[PDB]
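These notes are about the structure you will find just below.
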Amino acid sequence: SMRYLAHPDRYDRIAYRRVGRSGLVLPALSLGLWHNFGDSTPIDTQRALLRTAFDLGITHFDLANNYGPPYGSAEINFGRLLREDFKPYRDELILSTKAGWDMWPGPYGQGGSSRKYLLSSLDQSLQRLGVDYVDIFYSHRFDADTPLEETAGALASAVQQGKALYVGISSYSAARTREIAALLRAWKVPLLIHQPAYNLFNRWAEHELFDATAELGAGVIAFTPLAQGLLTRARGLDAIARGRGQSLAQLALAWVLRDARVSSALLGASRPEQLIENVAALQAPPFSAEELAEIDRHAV
Amino acid sequence: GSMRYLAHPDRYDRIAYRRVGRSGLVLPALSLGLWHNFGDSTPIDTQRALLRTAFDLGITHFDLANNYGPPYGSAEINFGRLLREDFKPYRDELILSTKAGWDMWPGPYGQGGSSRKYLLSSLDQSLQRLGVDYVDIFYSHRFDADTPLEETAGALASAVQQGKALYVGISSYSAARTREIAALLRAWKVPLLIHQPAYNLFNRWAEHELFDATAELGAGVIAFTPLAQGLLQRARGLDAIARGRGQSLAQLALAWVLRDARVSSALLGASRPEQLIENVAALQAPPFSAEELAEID
Amino acid sequence: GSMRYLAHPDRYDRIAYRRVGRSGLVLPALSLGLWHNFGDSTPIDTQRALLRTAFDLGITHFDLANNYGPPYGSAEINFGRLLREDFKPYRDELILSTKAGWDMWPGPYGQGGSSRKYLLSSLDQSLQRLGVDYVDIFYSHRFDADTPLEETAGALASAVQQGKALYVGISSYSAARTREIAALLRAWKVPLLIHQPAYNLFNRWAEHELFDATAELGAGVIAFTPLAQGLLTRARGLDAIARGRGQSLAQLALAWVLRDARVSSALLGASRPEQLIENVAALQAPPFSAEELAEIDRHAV
Amino acid sequence: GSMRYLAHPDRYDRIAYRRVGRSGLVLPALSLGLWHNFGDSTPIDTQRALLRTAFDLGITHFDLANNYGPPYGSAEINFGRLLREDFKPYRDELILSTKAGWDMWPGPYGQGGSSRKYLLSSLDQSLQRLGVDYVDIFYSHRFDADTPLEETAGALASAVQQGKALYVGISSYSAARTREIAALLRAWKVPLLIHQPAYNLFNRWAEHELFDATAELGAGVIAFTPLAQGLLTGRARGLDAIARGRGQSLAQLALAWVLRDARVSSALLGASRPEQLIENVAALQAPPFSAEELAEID
Amino acid sequence: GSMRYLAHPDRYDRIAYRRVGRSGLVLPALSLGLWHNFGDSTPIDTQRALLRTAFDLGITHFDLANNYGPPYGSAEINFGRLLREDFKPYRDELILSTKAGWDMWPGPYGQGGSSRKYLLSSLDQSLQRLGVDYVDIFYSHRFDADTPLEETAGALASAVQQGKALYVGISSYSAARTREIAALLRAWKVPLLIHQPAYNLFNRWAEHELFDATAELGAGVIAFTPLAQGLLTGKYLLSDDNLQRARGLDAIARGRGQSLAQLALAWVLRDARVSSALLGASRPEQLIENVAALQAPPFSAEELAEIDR
Amino acid sequence: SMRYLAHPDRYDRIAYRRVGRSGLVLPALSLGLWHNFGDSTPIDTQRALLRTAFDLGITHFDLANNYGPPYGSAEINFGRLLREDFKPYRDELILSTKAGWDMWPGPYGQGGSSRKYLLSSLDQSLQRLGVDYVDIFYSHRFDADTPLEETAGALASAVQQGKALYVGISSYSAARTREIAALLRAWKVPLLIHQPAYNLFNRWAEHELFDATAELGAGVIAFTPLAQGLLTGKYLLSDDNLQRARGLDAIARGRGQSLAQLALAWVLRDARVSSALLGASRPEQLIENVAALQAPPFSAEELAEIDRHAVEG
């Protein structure tokens with residue numbers, strides 16, 4: 001009876017930004033399957049949100065091995081919706097998975113980033129998603145115990161085995177990013193993208209990190225650009241948002257995307273109607289340096 | 001079965017074969033390019049007769065692409081069927097090629113580009129539509145200005161290491177960029193086989209610096225649209241030299257684009273089998289002299 | 001009635017885990033080896049009960065080999081049957097390792113050796129018998145002076161590149177040759193993870209110069225036969241220190257092997273399910289400080 | 001089911017095995033080659049009786065090629081059937097090898113050469129006709145003077161990386177040509193294993209500088225046609241006289257004269273009679289030679 | 001080294017083969033039932049030796065069941081491994097059988113019965129454990145009084161039509177229940193091949209009605225436990241009067257030049273209406289002795305009345 | 001390249017006779033792989049003989065599980081030659097396999113007609129041939145120790161499983177042929193064809209068998225029609241048989257035929273017989289026998305002279 005029909009004007013709604021120096025381009029706003037994508041959410045509300053995201057031009061869906069709840073269920077539910085709805089659009093989509101946090105019991109499945117854990121969890125995500133390969137394979141966290149040469153060798157073996165087109169890191173130190181990226185250069189596989197928690201209440205990336213991502217040629221995607229729903233000090237920024245044609249959440253998305261060194265911001269919305277309003281916030285005129293000074297004072 | 005394709009017993013004695021630069025691969029002096037008359041618009045009757053006539057003449061190289069049709073990708077689906085039903089015991093004697101660069105499927109990952117994602121995904125689609133394990137030459141159809149050649153070199157190299165292609169080439173690349181991507185492919189220990197520019201009597205653009213680049217790198221050259229998309233004003237004088245030599249202007253241009261060992265082949269479009277056997281007789285001509293070459297310009 | 005395998009819920013709160021060299025892998029302080037009492041001469045009842053008890057105590061590493069029997073190769077098809085019936089969901093939680101270097105099948109390409117032909121054929125034999133896509137560690141087993149270490153390192157590198165193995169190991173290798181084969185593997189950008197020497201109270205040859213090599217290269221050590229093949233279960237002066245500190249001679253020898261971070265595991269080959277439980281209780285014993293350690297040196301070397 | 005191939009239990013106590021170059025492989029002193037009498041023109045029962053005898057005598061190395069027949073490629077089909085019916089549980093005890101470079105299928109891509117196109121497409125044919133996941137030694141049957149050796153070395157290197165061949169060898173190559181292709185193979189970290197030249201008593205060109213080349217490169221040597229294509233079976237009368245003075249035959253003398261040096265690891269005998277292979281194994285048991293016979297052979 | 005196993009060349013010149021009733025299938029004079037000492041409690045090398053020894057003796061039929069262990073079904077898993085390693089090139093000359101009637105897995109559909117759900121599901125799992133595409137005979141291990149014999153007959157007939165069994169049979173069935181299920185199998189055009197009762201010197205219930213039913217039907221009979229579970233083997237020199245009757249039967253066996261086990265097996269096979277006799281798992285030299293039970297001369301009328309004490 | 005192209009006139013050469021009252025039409029002569037197709041004969045002579053056949057119109061090929069030597073090696077060789085040359089022409093051929101005599105050691109392979117031996121030997125022959133179904137599945141001999149209800153039930157299962165399009169029998173007595181046919185009709189799988197040994201010196205099928213095959217509508221295919229020699233002009237056993245063959249050959253040259261052509265035309269003299277297994281021979285000897293029907297039919301005088309040198313029946 002019912003079948004998914006991708007909107008014909010889906011590629012005339014959002015702007016696609018280059019991921020640093022690499023040829024891959026990501027939509028200005030991506031969708032992160034963090035919230036409301038496990039078994040806790042009905043499937044009809046999951047596919048309705050994913051269809052709305054694709055009709056607006058969002059082609060990147062960021063997943064992880066521990067996304068749920070329970071852990072690993074978001075990849076199963078997205079693997080079904082890719083089998084039933086997004087199958088003729090796979091070559092138009094950009095899927096990514098991570099491995100670093102806690103997944104299954106044991107010292108090999110909780111708090112690790114070794115070659116044993118990375119490759120076993122990548123094969124675990126490929127069988128849950130039902131895809132031949134992932135486009136980006138992050139390292140979900142920095143494991144100070146595991147040497148970064150072993151982690152770089154695991155990400156390199158994943159790209160050589162045709163299971164990952166690119167690789168990246170998530171919430172890594174600014175100096176450790178330079179280390180692992182040069183270790184990937186030894187394997188002749190470039191680093192694609194770095195995922196730091198970038199928003200108005202966390203300046204983690206603005207210090208000593210963007211200088212490293214630009215020289216390496218890697219892009220940046222902002223995890224939780226709305227401070228985990230906090231931007232939905234904040235009461236003062238809402239008055240600045242009312243000075244223009246945007247809301248508090250729309251102003252935060254435009255401020256994270258205010259510069260080209262940021263490729264996208266993982267939205268991770270819940271309802272579809274709020275997704276249509278979060279998307280298409282770039283047509284607002286850029287900050288006049290006047291508004292930038294006001295923002296920097298109200299929020300770090 | 002009734003009326004199954006049987007290739008000619010002496011099909012390898014009616015056409016010349018030229019080395020592709022400094023490699024071990026040869027190509028027929030005239031190749032067949034399925035740019036037109038091989039989509040779903042053209043009946044299978046003429047497609048089967050044209051591929052059989054080309055293989056009986058000695059043409060073993062069939063040039064395909066992701067956007068060849070129409071519609072896009074249709075020429076690979078039709079050649080994939082013609083390969084399964086006729087050219088199946090002759091697969092190891094053919095030379096198949098496939099490119100990826102122009103607009104293919106909607107989206108920034110399909111409508112143009114030469115990124116790693118688009119190159120390998122379009123190659124997987126081509127291996128699906130052709131029905132082969134690997135292609136013989138995987139081209140980069142266009143030069144991507146907003147994409148590092150180090151990424152494209154890593155994509156073409158991965159296509160060779162994964163067994164999905166024997167050799168790799170580039171199409172419509174500048175003279176300086178051909179040297180750059182060749183030195184990058186040489187970092188992956190995979191040589192750049194062939195280059196496909198638009199060599200033409202009404203163009204002659206690659207002679208400036210591209211021929212000097214491919215000759216020193218060991219990369220062969222194959223001429224694209226050698227008959228000027230139907231042309232071959234100025235064509236009236238060139239037609240006079242052809243009739244005063246025993247050719248039909250089309251045969252003169254084909255013998256001219258292969259007058260030097262730099263060019264290895266040319267991609268004939270063609271529509272009828274009778275004009276294809278006519279063009280093969282272009283190598284049945286005396287070599288060019290100093291007087292005829294001066295009158296060409 | 002259905003059997004299944006209800007693994008112990010707090011099985012990871014029982015045994016301690018030690019890091020192997022400067023690598024991301026960790027291993028149980030006590031590893032279970034299928035050297036003996038896992039061939040076809042031992043019933044399936046004993047094999048299944050011992051593997052369930054060892055896993056319920058936190059032992060995840062199960063070290064095997066190609067010639068472990070008797071007969072030769074029976075220990076791998078017995079452990080493979082045990083994997084399909086019990087440890088099928090717990091695959092990613094386990095650490096399986098196989099070796100290839102001793103007498104297997106007749107012929108110069110069989111029997112002893114570590115050539116590229118013998119290593120890849122014996123690895124495909126083990127992967128077919130075990131029923132796993134890959135092994136976590138793959139050792140070279142004994143060293144062969146006739147085969148160049150460039151070909152052995154090339155086969156070990158081709159084993160991890162083909163997805164058949166994740167880590168590379170060696171066993172009973174000379175101290176200098178361990179440095180040589182490690183540098184050749186580092187040329188392939190493939191690290192050496194673990195060396196498995198025979199380390200116990202009566203054979204302390206590894207402390208001479210082998211431990212100084214594994215620590216420098218960043219590779220751990222698994223002590224094969226830490227009880228002198230059953231001789232620690234004159235050593236009666238050691239049996240006096242067994243009554244002291246509240247333990248036994250076997251529990252004293254294990255804790256003595258697990259001194260510093262160089263030793264990552266002690267490959268034990270117990271059989272009785274109850275002695276396996278009492279041997280894991282040898283970790284919480286207090287260290288040897290200085291004087292208690294200087295008493296073991298009387299009846300050592 | 002009526003009767004299957006039961007290998008001789010004393011097969012590995014018959015022939016002594018020699019090491020090939022500075023590698024881990026150890027080839028037998030004598031190796032049966034399928035150059036002739038293994039096509040469709042030879043009955044199958046004589047092939048099965050000959051291969052059962054070779055393996056019973058301790059021979060573990062079987063040499064094949066893409067063009068062995070007649071017709072071309074039929075020897076790999078006949079050996080493939082005999083493998084799946086008899087030698088299937090003995091697969092890991094054998095050393096199979098195939099060649100590619102002379103004349104196979106019609107066309108410039110098949111009638112010869114050593115291009116990457118022809119080397120991989122002919123190896124795919126050999127792996128499907130033999131019925132094995134890999135050959136043990138993949139050869140380049142002849143040096144291609146018109147194809148750069150950087151491409152042939154790349155094809156031989158990918159043959160090992162794809163798991164199609166454990167080792168790479170060359171055959172009918174020159175002296176400096178072997179050195180320049182082995183130096184290029186050492187860049188891919190796939191060392192050249194063995195060279196297969198024509199080395200017998202009537203053709204001693206390999207002793208010039210090919211023997212010194214393979215000794216320094218670490219590669220072994222296997223002799224092709226040690227009886228000069230059957231001319232030394234039984235001019236040759238002077239060699240037959242020295243053979244009788246030593247207690248052997250002309251075939252056994254020319255066989256032991258090939259295996260006299262350590263840098264000649266094996267010889268490819270292509271006999272047809274099963275009673276003949278048993279009388280060539282009795283050529284290495286004889287005592288070694290000395291001065292008054294080596295200087296008298298010449 | 002090399003553990004390849006080839007059967008004895010004279011294995012088919014050892015014992016005789018009796019025809020199953022009036023069909024075409026023959027069975028060895030003594031079969032090998034894997035009831036005891038073939039589960040996970042017994043080492044696999046011991047079972048491997050006993051199977052290789054039995055086949056070299058000519059024993060071609062191997063009687064299995066879904067509950068043979070312990071634990072349940074472990075005998076089918078061990079025989080499946082011994083088949084894929086040793087008995088693979090001898091499959092087309094082996095006769096294999098499996099059953100489904102007693103408690104196997106938890107549940108009302110697993111606590112035994114003759115239902116179509118339990119029969120076809122237990123046969124599918126018994127085919128996976130054995131590693132074979134089909135079994136030669138598929139028994140109905142017990143008679144379920146709560147399930148009609150029309151559903152059980154259609155279940156066995158479905159097993160033959162689906163290529164999972166060549167012949168079918170019934171075990172431990174009544175004499176009237178044998179005539180009933182056989183008459184219903186004639187409707188499916190798949191006749192009842194063989195019946196497996198318990199028949200020995202002490203358990204002679206089948207003589208009254210059963211042997212007459214299988215004769216007029218055309219089926220065969222295979223004798224289960226013809227040694228009364230070690231009571232007719234001299235291992236016990238389970239009541240005192242049972243031990244005294246055994247010593248009396250042994251004295252009549254030593255006058256014939258046999259042992260007590262050889263006497264009981266030859267007594268079971270005294271009439272051609274009986275086709276085989278299941279030999280349990282034992283030591284190899286004990287199987288060699290009991291297999292040579294038909295080599296004795298046939299019983300006389302005075303000897304048969306002498307043992308009918 | 002070095003492949004096989006069937007002759008275009010192959011279906012305009014030999015005639016085709018209807019198999020009793022069915023829809024199957026076999027060639028007037030067939031090719032049985034009884035001998036000279038095992039591992040003792042080179043595959044090239046087998047290939048050239050199977051290519052000479054079929055080019056002459058020989059579409060039917062008669063095999064058996066024990067055809068060799070060794071036993072079964074003929075089905076393996078014909079399986080390879082079919083996979084290499086005859087794969088596109090598979091639906092234009094009629095392949096048959098049998099099972100009834102000694103095959104593998106044991107009481108279940110040494111002869112018999114039981115359901116176990118028939119289905120096992122059919123699955124063996126299907127794996128060696130490389131085809132998923134044979135066109136005809138014969139019962140090679142009559143088993144007196146096995147009921148015909150079980151043998152007919154095994155043949156009926158072979159058709160319903162998709163492993164055989166039709167079934168037949170060989171060396172069956174006339175009364176036993178009629179009994180197994182009435183049993184097969186209960187399975188709605190009619191008996192297609194019967195294969196008896198029928199030639200000039202062995203005419204037992206004329207007594208009662210040919211009437212049974214005609215009433216049932218089953219065809220007949222003649223096995224050993226040239227009497228394993230003594231009818232091919234090569235021996236020109238026993239001396240009385242040499243005089244009978246010399247007298248028959250004289251009648252053959254009177255009508256322009258050879259001794260082999262005369263015997264093959266005599267077996268095919270009416271519609272009851274449908275074909276005759278020629279067997280392996282040299283290429284020119286196959287072509288000469290194929291055109292045996294190209295001759296005037298037998299008259300009353302010629303048939304009478306032939307009976308003076310043959311047996312009654």
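In the structure tokens, the first chain shown is A, the next is B, and so on; residue numbers restart at 1 for each chain, and ligands run from 1 in the order shown.
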
### Task
Apply DSSP to the structure's backbone, then extract all residues of segment 83-195 of chain F labelled strand (DSSP E or B) and return them as a list in words.
residues 94, 95, 96, 97, 102, 110, 134, 135, 136, 137, 138, 139, 164, 165, 166, 167, 168, 169, 170, 193, 194 and 195 of chain F

Set out as a Markdown table a contact list for chain B and chain F with a cut-off of 9 Å, giving each residue of chain B that qualifies its closest atom pair and distance in Å to one decimal, counting only C-alpha atoms, ordered by chain and rising residue number.
```
| residue | atom | partner | partner_atom | distance |
| --- | --- | --- | --- | --- |
| B:1 | CA | F:88 | CA | 6.0 |
| B:2 | CA | F:8 | CA | 8.9 |
| B:6 | CA | F:5 | CA | 8.7 |
| B:7 | CA | F:1 | CA | 8.1 |
| B:9 | CA | F:1 | CA | 8.0 |
| B:89 | CA | F:1 | CA | 8.2 |
| B:90 | CA | F:1 | CA | 8.2 |
```

#### Entry: Exercise: residue 86 of chain C partners within 12 Å, only C-alpha atoms, chain neighbours under 4 positions left out, as a ChimeraX atom specification
/C:2-7,47-49,51-52,55,79-82,90-91

Would you export the selected residues with N, CA, C and O atoms as a PDB file, in the first residue's frame, please?
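Listed below is the output, again39.pdb:
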```
ATOM      1  N   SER C   2      16.028 -28.177  28.218  1.00  0.00           N
ATOM      2  CA  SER C   2      17.015 -27.304  27.600  1.00  0.00           C
ATOM      3  C   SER C   2      18.164 -27.026  28.562  1.00  0.00           C
ATOM      4  O   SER C   2      17.979 -26.928  29.779  1.00  0.00           O
ATOM      5  N   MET C   3      19.366 -26.896  28.000  1.00  0.00           N
ATOM      6  CA  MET C   3      20.575 -26.664  28.784  1.00  0.00           C
ATOM      7  C   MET C   3      20.973 -25.192  28.789  1.00  0.00           C
ATOM      8  O   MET C   3      21.085 -24.581  29.857  1.00  0.00           O
ATOM      9  N   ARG C   4      21.195 -24.616  27.605  1.00  0.00           N
ATOM     10  CA  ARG C   4      21.628 -23.230  27.451  1.00  0.00           C
ATOM     11  C   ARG C   4      22.923 -22.973  28.212  1.00  0.00           C
ATOM     12  O   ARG C   4      23.642 -23.914  28.565  1.00  0.00           O
ATOM     13  N   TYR C   5      23.234 -21.702  28.461  1.00  0.00           N
ATOM     14  CA  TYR C   5      24.413 -21.341  29.247  1.00  0.00           C
ATOM     15  C   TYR C   5      24.124 -19.999  29.912  1.00  0.00           C
ATOM     16  O   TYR C   5      24.297 -18.945  29.292  1.00  0.00           O
ATOM     17  N   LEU C   6      23.687 -20.048  31.167  1.00  0.00           N
ATOM     18  CA  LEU C   6      23.486 -18.840  31.964  1.00  0.00           C
ATOM     19  C   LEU C   6      24.826 -18.501  32.602  1.00  0.00           C
ATOM     20  O   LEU C   6      25.173 -18.999  33.674  1.00  0.00           O
ATOM     21  N   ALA C   7      25.597 -17.656  31.921  1.00  0.00           N
ATOM     22  CA  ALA C   7      26.875 -17.217  32.462  1.00  0.00           C
ATOM     23  C   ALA C   7      26.661 -16.455  33.764  1.00  0.00           C
ATOM     24  O   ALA C   7      25.607 -15.854  33.991  1.00  0.00           O
ATOM     25  N   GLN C  47      34.952 -31.314  29.455  1.00  0.00           N
ATOM     26  CA  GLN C  47      35.345 -30.138  28.683  1.00  0.00           C
ATOM     27  C   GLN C  47      34.332 -29.012  28.846  1.00  0.00           C
ATOM     28  O   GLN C  47      34.702 -27.851  29.053  1.00  0.00           O
ATOM     29  N   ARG C  48      33.041 -29.341  28.754  1.00  0.00           N
ATOM     30  CA  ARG C  48      32.005 -28.320  28.862  1.00  0.00           C
ATOM     31  C   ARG C  48      31.962 -27.717  30.260  1.00  0.00           C
ATOM     32  O   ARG C  48      31.817 -26.499  30.412  1.00  0.00           O
ATOM     33  N   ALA C  49      32.088 -28.554  31.292  1.00  0.00           N
ATOM     34  CA  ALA C  49      32.025 -28.052  32.660  1.00  0.00           C
ATOM     35  C   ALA C  49      33.226 -27.173  32.986  1.00  0.00           C
ATOM     36  O   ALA C  49      33.099 -26.189  33.723  1.00  0.00           O
ATOM     37  N   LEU C  51      35.050 -25.324  30.819  1.00  0.00           N
ATOM     38  CA  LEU C  51      34.984 -24.055  30.102  1.00  0.00           C
ATOM     39  C   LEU C  51      33.932 -23.132  30.705  1.00  0.00           C
ATOM     40  O   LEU C  51      34.134 -21.914  30.774  1.00  0.00           O
ATOM     41  N   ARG C  52      32.801 -23.690  31.144  1.00  0.00           N
ATOM     42  CA  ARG C  52      31.776 -22.866  31.777  1.00  0.00           C
ATOM     43  C   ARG C  52      32.261 -22.314  33.111  1.00  0.00           C
ATOM     44  O   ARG C  52      31.987 -21.155  33.445  1.00  0.00           O
ATOM     45  N   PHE C  55      34.964 -19.568  32.455  1.00  0.00           N
ATOM     46  CA  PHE C  55      34.356 -18.334  31.968  1.00  0.00           C
ATOM     47  C   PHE C  55      33.519 -17.656  33.046  1.00  0.00           C
ATOM     48  O   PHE C  55      33.452 -16.423  33.090  1.00  0.00           O
ATOM     49  N   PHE C  79      36.658 -27.857  21.079  1.00  0.00           N
ATOM     50  CA  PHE C  79      36.370 -26.495  21.511  1.00  0.00           C
ATOM     51  C   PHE C  79      35.436 -25.788  20.539  1.00  0.00           C
ATOM     52  O   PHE C  79      34.669 -24.909  20.945  1.00  0.00           O
ATOM     53  N   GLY C  80      35.487 -26.155  19.257  1.00  0.00           N
ATOM     54  CA  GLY C  80      34.562 -25.578  18.297  1.00  0.00           C
ATOM     55  C   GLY C  80      33.133 -26.023  18.536  1.00  0.00           C
ATOM     56  O   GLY C  80      32.202 -25.217  18.459  1.00  0.00           O
ATOM     57  N   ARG C  81      32.938 -27.313  18.824  1.00  0.00           N
ATOM     58  CA  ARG C  81      31.616 -27.796  19.208  1.00  0.00           C
ATOM     59  C   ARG C  81      31.125 -27.095  20.468  1.00  0.00           C
ATOM     60  O   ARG C  81      29.943 -26.748  20.575  1.00  0.00           O
ATOM     61  N   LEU C  82      32.024 -26.875  21.431  1.00  0.00           N
ATOM     62  CA  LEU C  82      31.653 -26.155  22.644  1.00  0.00           C
ATOM     63  C   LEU C  82      31.269 -24.712  22.346  1.00  0.00           C
ATOM     64  O   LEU C  82      30.481 -24.113  23.087  1.00  0.00           O
ATOM     65  N   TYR C  90      28.698 -15.260  23.321  1.00  0.00           N
ATOM     66  CA  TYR C  90      29.840 -14.655  23.997  1.00  0.00           C
ATOM     67  C   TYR C  90      31.107 -14.665  23.147  1.00  0.00           C
ATOM     68  O   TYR C  90      32.216 -14.697  23.698  1.00  0.00           O
ATOM     69  N   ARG C  91      30.980 -14.637  21.818  1.00  0.00           N
ATOM     70  CA  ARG C  91      32.163 -14.722  20.964  1.00  0.00           C
ATOM     71  C   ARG C  91      33.052 -13.494  21.119  1.00  0.00           C
ATOM     72  O   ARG C  91      34.261 -13.617  21.345  1.00  0.00           O
TER      73      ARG C  91
END
```

#### Entry: Who sits within 6 Å of residue 194 of chain C, only C-alpha atoms, same chain under 2 positions skipped, as a list in words
residues 169, 219, 220 and 221 of chain C

### Query
as a ChimeraX atom specification, which residues of segment 35-279 of chain D does DSSP assign to alpha helix (DSSP H)?
/D:44-56,74-85,116-130,149-161,176-185,210-217,236-245,250-258,274-279
